[PDB]
Amino acid sequence: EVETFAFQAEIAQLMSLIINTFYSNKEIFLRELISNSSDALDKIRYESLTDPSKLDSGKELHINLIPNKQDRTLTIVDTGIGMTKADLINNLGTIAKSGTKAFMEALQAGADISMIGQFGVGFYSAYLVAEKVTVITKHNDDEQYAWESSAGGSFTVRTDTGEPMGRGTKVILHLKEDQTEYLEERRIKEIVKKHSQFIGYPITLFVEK
Ligand SMILES: Cc1cccc(C(N)=O)c1C
């Protein structure tokens, strides 16, 4: 049972701009996804301060980066608050319509694509490096869902029969053929050190056989 949705016109335009604009500094996608994970971790931490049972779904608060060269995927995993099905459909819990408007008003006014996270739409920077993005998420108040999009104006949502995650989100980047540098350990380490060195949760870079 797969539901297919149209992006709002403004979000489709944002994704088109990200995919078609010549812009060499693609590495900032990772900082944006790690920052999103940190924000989601902050949220479940705050909820747990007054209700410790919020962590019954998992006490550990962390971020894992998992490259897989056989699948050509880079996965950013966190044990943050996750998203409900409603959140997923509603632009992954963001105010992406108004954020896009502000972002595109900044671009013609001096800004560049690297400032996308200041407008609350940093998730879509995934499409700098990914031909397809899969988002698997579990929120304490809902079941486990998979969102997916290869851009082109539409996204899908289905219940996820995959490996139960407990609580949190996995962002699976199906990398473009010419972007496989982002699977190499030394490249990922360099980027995390450059742009994510002060994130307040452990970031574990997995290695491959
Ligand atoms: C905005 C967004 C998109 C995809 C995943 C996540 C996350 N890690 O919870 C967020 C905050």
Side-chain angles (χ1 to χ4, degrees), residues 5 7-8 10-12 14-15 18 28-48 54-55 57-58 60-66 73-103 113 115-151 155-158 160 162-175 192 195-196 199-206:
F5 300 84
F7 288 112
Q8 291 170 284
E10 296 84 351
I11 284 59
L14 170 68
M15 299 165 73
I18 288 168
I28 60 94
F29 79 92
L30 184 59
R31 159 191 83 192
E32 296 308 323
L33 299 178
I34 291 173
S35 170
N36 282 348
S37 290
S38 177
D39 286 350
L41 285 157
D42 290 350
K43 285 176 197 193
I44 192 62
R45 189 186 256 134
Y46 185 78
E47 290 199 348
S48 76
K54 295 266 173 165
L55 299 176
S57 50
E60 289 77 27
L61 297 187
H62 62 237
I63 300 169
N64 297 328
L65 308 176
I66 311 176
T73 59
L74 177 66
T75 304
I76 297 77
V77 182
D78 66 69
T79 52
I81 195 158
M83 304 169 267
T84 65
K85 184 188 194 195
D87 290 323
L88 279 176
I89 293 166
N90 194 9
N91 301 309
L92 303 102
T94 71
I95 52 167
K97 179 163 168 180
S98 61
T100 296
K101 163 176 204 353
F103 181 41
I113 286 168
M115 322 169 50
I116 186 172
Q118 299 181 41
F119 310 96
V121 288
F123 165 74
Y124 299 98
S125 75
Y127 290 93
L128 293 168
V129 295
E131 67 190 11
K132 179 168 90 184
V133 176
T134 309
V135 177
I136 314 286
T137 193
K138 174 68 175 74
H139 187 285
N140 281 335
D141 296 343
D142 208 351
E143 296 317 311
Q144 192 163 305
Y145 281 96
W147 176 105
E148 211 167 44
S149 182
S150 296
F155 63 95
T156 61
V157 176
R158 44 146 181 111
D160 186 44
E163 208 49 61
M165 327 150 55
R167 187 202 57 251
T169 303
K170 298 184 343 208
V171 174
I172 307 172
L173 308 174
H174 306 259
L175 293 177
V192 169
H195 293 302
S196 301
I199 293 291
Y201 298 97
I203 297 167
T204 300
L205 172 56
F206 286 33

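In each ligand, atom 1 is the first atom listed, and ligand 1 is the first ligand listed. Worth knowing before you read on, the calculation uses all heavy atoms, side chains too, and leaves out hydrogens, waters and symmetry mates. Residues take their numbers from the sequence shown, with the count starting at 1.
Using a 4.5 Å heavy-atom threshold, the side chains of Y124 and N91 count as touching. Contact annotation: the side chain of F123 approaches that of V171 to within less than 4.5 Å [non-hydrogen atoms, C-beta and beyond].
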Distances under 3.5 Å, N/O of ligand 1 against N/O of the protein: list each pair and its distance.
unit_1	atom_1	unit_2	atom_2	d
ligand 1	8 (N)	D78	OD2	2.8

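Qualifying salt bridge (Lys or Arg N to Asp or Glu O under 4.0 Å) partners for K85, counting only residues two or more places apart in sequence or in other chains: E3. Listed by chain and number, the residues in a side chain to side chain contact (heavy atoms under 4.5 Å, CB included) with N90 amount to none (sequence neighbours excluded). For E32, there are no side-chain hydrogen bond (donor to acceptor under 3.5 Å, both in side chains) partners, not counting sequence neighbours.
The only option from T79, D78, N140 that meets the side chain to side chain contact (heavy atoms under 4.5 Å, CB included) definition with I44 turns out to be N140.
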